[PDB]
Every structure is written in structure tokens, then in C-alpha cells.
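**Student:** Residue numbers (UniProt numbering), protein chains in the order written: chain A, 72 to 135; chain W, 1 to 136; chain D, 1 to 138; chain C, 1 to 136; chain L, 3 to 142; chain Y, 3 to 142; chain P, 178 to 236; chain Z, 296 to 354.
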Amino acid sequence: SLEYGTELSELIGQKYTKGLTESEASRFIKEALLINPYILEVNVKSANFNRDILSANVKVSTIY
Amino acid sequence: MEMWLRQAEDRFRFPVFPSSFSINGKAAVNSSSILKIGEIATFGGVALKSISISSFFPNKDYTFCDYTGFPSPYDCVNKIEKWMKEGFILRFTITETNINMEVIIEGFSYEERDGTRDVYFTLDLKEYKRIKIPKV
Amino acid sequence: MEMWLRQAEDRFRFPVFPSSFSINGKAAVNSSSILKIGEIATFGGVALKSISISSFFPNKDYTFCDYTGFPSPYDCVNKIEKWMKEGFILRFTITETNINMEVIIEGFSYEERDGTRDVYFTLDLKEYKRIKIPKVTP
Amino acid sequence: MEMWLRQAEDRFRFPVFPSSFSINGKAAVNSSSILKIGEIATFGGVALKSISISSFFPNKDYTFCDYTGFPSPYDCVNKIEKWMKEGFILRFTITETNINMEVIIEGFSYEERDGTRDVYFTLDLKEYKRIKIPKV
Amino acid sequence: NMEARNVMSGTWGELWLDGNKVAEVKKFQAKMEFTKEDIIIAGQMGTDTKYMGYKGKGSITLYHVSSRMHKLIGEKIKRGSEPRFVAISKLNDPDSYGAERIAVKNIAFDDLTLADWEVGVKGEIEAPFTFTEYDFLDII
Amino acid sequence: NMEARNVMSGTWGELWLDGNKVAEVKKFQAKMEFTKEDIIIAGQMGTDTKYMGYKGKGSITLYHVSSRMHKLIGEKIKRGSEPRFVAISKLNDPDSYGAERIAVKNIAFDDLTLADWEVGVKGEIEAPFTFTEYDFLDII
Amino acid sequence: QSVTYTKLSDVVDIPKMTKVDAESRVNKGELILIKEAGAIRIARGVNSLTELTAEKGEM
Amino acid sequence: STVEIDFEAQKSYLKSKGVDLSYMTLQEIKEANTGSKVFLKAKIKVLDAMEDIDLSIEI
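Here is the structure:
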């Protein structure tokens, strides 16, 4: 359907600036993960740029 | 930090970053009174956020500008006025903050007040929520 | 003194103590009138208190900070915004005073206004009360 | 001059006398318009007086205090707050004036705003009149 | 009793800034200011006060022999940190009763001087600041 | 240890304005000023501060031998453009430790003097300005 | 920007190649067109250099 | 980024010309005449585009 998946492939190659890339990555991950009824909240906390690699820390809270 | 207003693939970036920005939020509280106990209150729901921006569109390449290559002042004016006219749903984001949401334009005012041909503006935005209609 | 907001076991302590705080209290007075006597008044119960707080969330460790180890400004903003959105019942306390009660959040606004990346905020809280439920007589 | 608030035998005397005090009084006037003569008015009755007080409760024995032996700031706060909560009818008097009447408390606000731990307050009082039911 | 010899001369002062001796000091000031609130009572003619808070102020003056202040501040203000410093002043006149050593702590400077010269004039630097706390090491 | 000979005399200064040497310079000033906000906390007596921003101020003084400032400005202000300039100041006293060379960038002048003369008085020009950034080339 | 993952709207189709083939070609220092994420785009923006010394790093 | 006078290169040029470098001081070495030749040095760091994502997911 139109809900399943992630748009992270649109960021490869620095199409946007760095700050816009960070914002978009966080929003993409949150909106993609929140469709599972067993997942309650998603937080993308850290974000770092080193050479061509973007790193982040994601924390998922479930019912269990 | 950077400020963007985007409609699908059509994006606009503000050339001069404003002096300040503030987000307003509220919640509704319903109050009743009991004989001989007094007032009580219960939660009633949250309202939509609002945000107002004040800056100017420069008529020349200043040292303090965010980047180079922005359009003329009245080109920016015409673009934003068209967006407000048709009632488009836009995406507003300020980088390095938690402000990234869909909005709608409530007001737009612009003026000229000196000898530089710069155009000062004020833009009022309101948070947008779509309604979900259940089916079976 | 210290300022705390607690939701069950989830506790938050404000990094910077505000410049002032004030409690507002009122009582309801009913107004009537009597012919040839003028206005009269009666007591109509006490109203809920309210308090408003103004300070900022620091982006770095300052010498006037209450303690070290506090979260980032937008983490604090996110926590308080989530609480306001869900309509939780919280406990608000200022130590060394008489302020210790249950509250509910009415408004929250924040802004940035200089080059330091500090976040200035204003928080409006309203007191919360519970009514006893009747019991069937034995 | 001294300022007292008393509930039967339970009496409280303010430790710091305020900078000023004012009493407000009004009367009602009913207006009608008669053809070709204009407006006329008649007496309609008097309203209840009101009085507002601003001062602070000291946290130490100052030189300018009215007396010695007053309770702590929050003890005063708690006592007045209880009086307001139960809706007691109190007697308010300022010595060396004509102010001596029964009142009821309408509002109470207190705050701390410096490094001395003194508590500033504002107290709103309204005149109380009992209604007489005739019998036979 | 007082002798004219017991007045302290300012030539016998010394200054340490961030742990380093400043041999080119010219003068040093440090002072605490108290904030008062006026108390007025209806029916009484007199007026009284109560203390509200306090603040610290001071300044330093040096001969211009090197670029000490620029190295001290550097890029710390530009990058956005909050540099704070400690100063120690001593006044030890041989003809007085004793010495006087004070530590001034948590110092924030008010500005920075890059260039200030004029033809036929010797160079000097002035640097005001504010602080929050102090200690007495030697008392007299 | 300090010597009297180490104090820099202003007669040894030099100024470059937009890449041209200015031999009629009389004095040069340039200073950065920091903005502070007072922090007050209920229940504590002491008052603290935090930095908010900075600004640059300065001025130049010249002997009047030609119309340098008018040619430098020209019609740029009248035509509505925004002209900016770069200034380099050097201070090299032979008796001191070394030289001190600073570059002051993004200069905006405050006014323009067309004529200021009086019978029996020699002419001078004063030119205040503001700037935004600076670089250090030689540190003493 | 970088040319990596830039898509060409003009191109209609290209000869099929497997993922391991594309990876091995890229490791050899070749610029190739691939089909990924529902479009036709280039794989990676690398040049012909393969052997690296102390003087010439991976950058 | 930084731009500066290359001190070692000037020292080597002066040594090659045969001037006695031991007697002069550092300021004199910096400001010595070199005869139509200039030596400078600089430091930069070049950015790269983002092309990979590393996610560390907690529970």
C-alpha cells in the first residue's frame, strides 16, 4: 500500500542541505515505523555527519 | 539554522533569517461547580499551534544574507500570495529544532518604508490536521 | 528552592529556577439585590488556583544552573508537550514553601531570541480536584 | 494605626502596615427618557464597599515592623487561605479611622520575588450585609 | 593612633590573572554594590529600606606591552562558550601593618580592545568586568 | 619583569585602507563590545550574567591633505549600494618585543565630512565606523 | 551535491545486471547506470583510480 | 581555515643563498628580503556528500 516503506532513498547524494536532511530522516523513520499497532513511540535522538556517513540512534517503545 | 516553506517538490528558502520565532500552544479545560465543594475541571482537548514570522526580502546581495541566488522581492511576494490564495497545504520547517509540520497560511502583509527598496513582511501560519473518516 | 514536575515515577527538575513565582486564588461571591436596601452578597465556593512560570532551558552548563546532567532544551520541550497533549495529571511542588498539589497543563509557549540557542518558555498550570464516589449503604 | 482581621475570638494583626488604603463606594441611578423633555433619573439603592490591601509578610524581625512575635510568612498564608476557603464572615478594622465592618474575602494572591524570602500579597475584601426575613 | 606612614601606597600592589603574574598592571578595582528597596508606611513620616541583592563590578588598567587580553579571550567568545576567570590582588606596603590578599572569582569581561594608538602617545588598555564572589586570604 | 622601554609608542603605527597606505593617519581605534543579560533567581541574593552577542566600533583620524574619503566613498552611498572596506593596522616599536598586525574587515563608515575649516587652524578629519570581524596576523 | 543516485528521466531501459555484478564493477572504478528504487540512476560517483598510496588517499 | 607565511621554506631559501641565519632573530627571518619569491602555507578540510546511513536501533 502507500503506507508501507520508507523514503530514505531520496536523501542519498546530498540532494538537500544537511539540516534539512536530518529533519527529513527523523520524520521519515518515525512515520514509517508508527503504523505497527504494537509500537507506541519512536524517538530519533542523535545525528552525526562524518565523511559520507550519517549516523543516528533510534529508540522504540513497545507494549512489552 | 534555515527556514523552508515547501509545496510538494516546489521549495522556497527564506533569504534573511528573522530575529526571533515563537510557538504558541494551548489546551481546553472545562469547568463546573458543585454545591458546597466549589469548582472542578476536566481535560477537553488540545488546540492547533500558531507561528508568526517577521523579516524582509532583500533587494541586493547583503553580507548577512543566508545564501546567494534568491529571487526579487516581488517574486517572493507573488509566490507566497498565490499559495495563500489557493489554500495549499504546505510544509514548514526550521532546521536544528523540533519544528517540522504541515501548515496553512492565515495572513500576509508587506510594506516599503525606506530608501532601499527592501520589502518587509509578516506571515501568519496555522497547524493543519486532517480528519480521519472510519469505514467498514 | 527547587521546582519539580512528576508524572507517576517520571520526574523532571527544572535546570534554572525562575525569577519569581505567584499563586492566584479566588472565591465565588454571588450578587443579588433587595428592594429599597440595595446590593447583597453570598458565598459561592472556592475556585481552583493557578500559577504561571517563566524561565529558559540552557544549551550549556552555566554557573547558575541548579544541577548538572539535565537534558537538551528540545528534549525538555518534547516531554512537556507530550504531557500537555495527552492531558495527564501531574504533581507540582516548590520546596521550602506550601506549594504541593496536582495540576493540569493549560498552555505552553517557547521561543528563541538570541545567539545562544537557549529556549525561553512560559508554562500555565491549573489545580486539579477529585470528587468522592458515593457508596451503597449496608 | 493598626490593621486587624478577626473571626470571633481568633484575631490576626498585620505585621507590616501598607503604604496606602482606599475605600470605594457607589450608588445606583435609574435613567428614563420622557418625550420632549429629555432624560430623568431616580435613586435606586447603594452598593457594597470594597477594599484592597497590598503588603508583605516579613521573614525576619525588621526595624519597621509593627510589633514582635508574628508567625512565619507561610503560617499567615495558610491561616488566611483557610478563612477564604470556608467562607467565614470576618471583622476588619483599621484603628484611628471610621473603618470597622464585617467583610468576606474575595481574592488572595502571594508571591516571592527576591533573595530575602519575604512574601508579598494582595487581599480583596467585600462588605457583608445579612438579610432580614420578617415574621408574624 | 594613626601615623602618616601607615597609609598604603598603590605602587606596592600586585596582580595575578588566571594564574599568571601581570607585571604591567596600572590599577585594579573591585567593589560590591547593594540593592535597596524603599519602605513607606501610611501614617508615618519616616522612610526605611531593606536589602534586595548584590552585584560586583571592577576594572583593570595595563600598560600595552603585549597582546595579553587577546590570548586570554581568544576565540572563546566568538565560538559561544562562557569563559570565566579568577584574579588575585595583593597590597603589601612595607611601612603598613601588614598585607592584604583578596581573590576575586567568576569574572566576566565587558569588551576587548584590538587597536588603540595615537602619534606621540604611550599605549594603555582599560578592561572593565563583573564578578559574583570573593575570598579574603590575608587580612589586616 | 617589565621595562619602561617595552611600552609601545603610537608614533610607530601604520594603516592601510583598501590596500593603499595612508601616510597622514593620526590615530586608529577598534574595539569589540559584548552584550550581557542579568540573571536573577528567587531565593538567592547574588546576580549573574550571560553573554548575548557582540558588536564592533572604531574610528580614524587624519590630517587634511587631500580628499581621500570622498574618492573612497564616491557616489556609492548616493546610488544606493552598500560599500564595505578592509583596514590593516600595524604597530612596530623597535624597543618592544615584536610587531602587532590586525586586519579589520567589513567596515561601514558613519558620515562624510565635506568642509570643516577655520581661520588660523590646521585641518583634520574624523571618521567613525562599525565592523563585524577581525583577523590577527602578528602576535606580540 | 554529488552525482551519486542522480536519475535520468530520458532513459527508458538498460540491460539487466545483478547486484553482485554492479558491486564488482564499482569496486573496479567504473561509473555505471543501475535500476534502483523504481528509477534508472547512476550507482556511485567514483573515478578510474583504484590503487591507493600514502600520498593519494581514498578521498 | 588558515593562511600563513611558510617559515621553513624561507629559512631554506636564505640558507641556500648563504646568509648567516644564526645571528638574526625570528622576526628578522620572517621579514627578510627574498627577491621576487613568496612562500605561503594553508590548511583546509573538504566536505563530502552523504551516501550511507548507519542506524543503531534500541529494542
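For each residue, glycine too, the CB sits at the ideal point set by N, CA and C.
Using a Cβ cut-off of 7 Å, pull out every chain A residue sitting near P/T183, in sequence order please.
**Tutor:** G84, listed in chain order.
**Student:** With a 10 Å radius around its C-beta and 16 neighbouring C-beta atoms as the bar for buried, classify C/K26 as buried or exposed.
**Tutor:** By the 10 Å Cβ count, C/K26 comes out exposed.
**Student:** Any idea what DSSP makes of W/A41, helix, strand or coil?
**Tutor:** DSSP places W/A41 in strand when its eight states are reduced to three.
**Student:** In angstroms with no decimal places, state the Cα-to-Cα distance between L/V88 and L/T37.
**Tutor:** So the two alpha carbons sit approximately 25 Å from each other.
**Student:** Determine the chain L residues that contact D/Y74 at a beta-carbon separation under 7 Å, and present them in chain order.
**Tutor:** What D/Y74 touches in chain L: nothing, since even the nearest Cβ is about 17 Å away.
**Student:** Report the rounded CA-to-CA distance for C/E81 versus C/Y128, giving the unit in angstroms.
**Tutor:** Computed Cα separation, rounded: 19 Å.
**Student:** Roughly how many whole angstroms lie between the Cα atoms of C/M1 and D/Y110?
**Tutor:** Distance between the alpha carbons of C/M1 and D/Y110: 48 Å.
**Student:** Return the bridge partner residues of L/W18 from the DSSP annotation.
**Tutor:** DSSP, once it has assigned bridges, lists L/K23, L/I90 as partnering L/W18.
**Student:** Listed in chain order, which residues of the segment 52 to 74 of chain Y have Cβ atoms closer than 8 Å to some Cβ of chain D?
**Tutor:** For the segment 52 to 74 of chain Y, which is checked against every Cβ of chain D, the residues closer than 8 Å are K52, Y53, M54, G55.
**Student:** Using a Cβ cut-off of 8 Å, which residues of the segment 116 to 134 of chain L contact any Cβ in chain Y, in chain order?
**Tutor:** Cβ contacts with chain Y come from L116, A117, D118, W119, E120, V121, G122, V123, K124, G125, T132, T134.
**Student:** Do we get a CB-CB distance below 9 Å when we pair W/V29 with the residues of chain D?
**Tutor:** Yes, W/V29 counts as interfacial toward chain D.
**Student:** Return the first residue and the last residue of the beta strand (DSSP E) that Y/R70 is part of.
**Tutor:** Note, Y/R70: premise wrong, no beta strand (DSSP E); alpha helix (DSSP H) at 70 to 75.
**Student:** State the start and end residues of the unbroken alpha helix (DSSP H) segment that holds A/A103.
**Tutor:** 89 to 104 is the span of the alpha helix (DSSP H), which, as asked, contains A/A103.
**Student:** State yes or no: is the beta carbon of Z/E346 nearer than 9 Å to at least one beta carbon in chain P?
**Tutor:** Closer than 9 Å: yes.
**Student:** When you compare each of A/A103, A/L82, A/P108 to A/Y135 by their alpha carbons, which one comes out closest?
**Tutor:** The option with the nearest alpha carbon to A/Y135 is A/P108.
**Student:** Around the C-beta of C/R6, are 16 or more other C-beta atoms found within 10 angstroms, so that it is buried, or is it exposed?
**Tutor:** It is exposed - the Cβ of C/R6 has fewer than 16 other Cβ atoms within 10 Å.
**Student:** Output, in chain order, the set of chain Z residues within a Cβ distance shorter than 9 Å of P/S225.
**Tutor:** What P/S225 touches in chain Z: nothing, since even the nearest Cβ is about 19 Å away.
**Student:** Can you tell me whether Z/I300 is helix, strand or coil according to DSSP?
**Tutor:** Strand, per DSSP.
**Student:** With three or more beta-carbon pairs closer than 8 Å as the criterion, would you say the segment 121 to 133 of chain L touches the segment 9 to 18 of chain Y?
**Tutor:** Touching, per the Cβ criterion.
**Student:** Between P/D190 and P/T183, what straight-line distance do the alpha-carbon atoms span, to the nearest angstrom?
**Tutor:** Approximately 15 Å between the Cα atoms of the pair.
**Student:** Can you look up W/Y110 in the DSSP assignment and give me helix, strand or coil?
**Tutor:** In this structure, W/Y110 counts as strand in the three-state DSSP scheme.
**Student:** How long is the line joining the alpha carbons of P/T195 and W/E9, rounded to whole angstroms?
**Tutor:** Taking the straight line joining both Cα atoms gives about 32 Å.
**Student:** Considering just the uninterrupted stretch of the beta strand (DSSP E) at W/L125, what are its terminal residues?
**Tutor:** Unbroken beta strand (DSSP E) run through W/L125: 119 to 127.
**Student:** So, for L/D112: in the same chain, excluding its five sequence neighbours on each side, which residues have a beta-carbon less than 8 Å away from its beta-carbon?
**Tutor:** Same-chain partners within the cutoff: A129, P130, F131, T132.
**Student:** With a threshold of 8 Å, are at least 3 pairs of Cβ atoms found where one atom belongs to the segment 74 to 91 of chain Y and the other to the segment 33 to 52 of chain Y?
**Tutor:** No, because fewer than three Cβ pairs between the segment 74 to 91 of chain Y and the segment 33 to 52 of chain Y fall closer than 8 Å, the two stretches do not touch.
**Student:** Establish whether the CB of L/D113 and some CB of chain C are separated by less than 9 Å.
**Tutor:** No, no contact with chain C.
**Student:** Considering only C-alpha positions, which residue in the set D/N100, D/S22, D/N78, D/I53 is nearest to D/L123?
**Tutor:** Ranking D/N100, D/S22, D/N78, D/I53 by Cα distance to D/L123 puts D/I53 first.
**Student:** Where in the segment 108 to 135 of chain Y do unbroken runs of the beta strand (DSSP E), each at least 3 residues long, occur, reported from the N-terminal end onward?
**Tutor:** Qualifying beta strand (DSSP E) stretches, in chain order: 126 to 133.
**Student:** Counting only Cβ pairs nearer than 7 Å, list the residues of chain L close to Y/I142.
**Tutor:** Within 7 Å Cβ-Cβ: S68, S69.
**Student:** Within the 9 Å Cβ cut-off, does W/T68 reach chain Y?
**Tutor:** Output row for W/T68: interface = no.
**Student:** Taking A/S94 as the query, report the chain W residues whose CB atoms sit under 7 Å from its CB, ordered along the chain.
**Tutor:** Neighbours of A/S94 on chain W, chain order: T93, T95, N100.
**Student:** What are the boundary residues of the beta strand (DSSP E) that C/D75 is part of?
**Tutor:** Note, C/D75: premise wrong, no beta strand (DSSP E); alpha helix (DSSP H) at 73 to 86.
**Student:** Say whether chain Y places a C-beta atom closer than 9 Å to the C-beta of D/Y62.
**Tutor:** Chain Y contact via Cβ: present.
**Student:** Spell out whether any CB of chain A is found under 9 Å from the CB atom of Z/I339.
**Tutor:** Not an interface residue.
**Student:** By the 10 Å Cβ neighbour count, where 16 or more other Cβ atoms means buried, how is Y/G15 classified, buried or exposed?
**Tutor:** Buried is the call here.
**Student:** Please check the pair A/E112 and A/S97, which I expect to be a contact at CB under 8 Å, by giving their CB distance rounded to whole angstroms.
**Tutor:** In fact, because the Cβ distance is near 13 Å, the residues do not count as touching under 8 Å.
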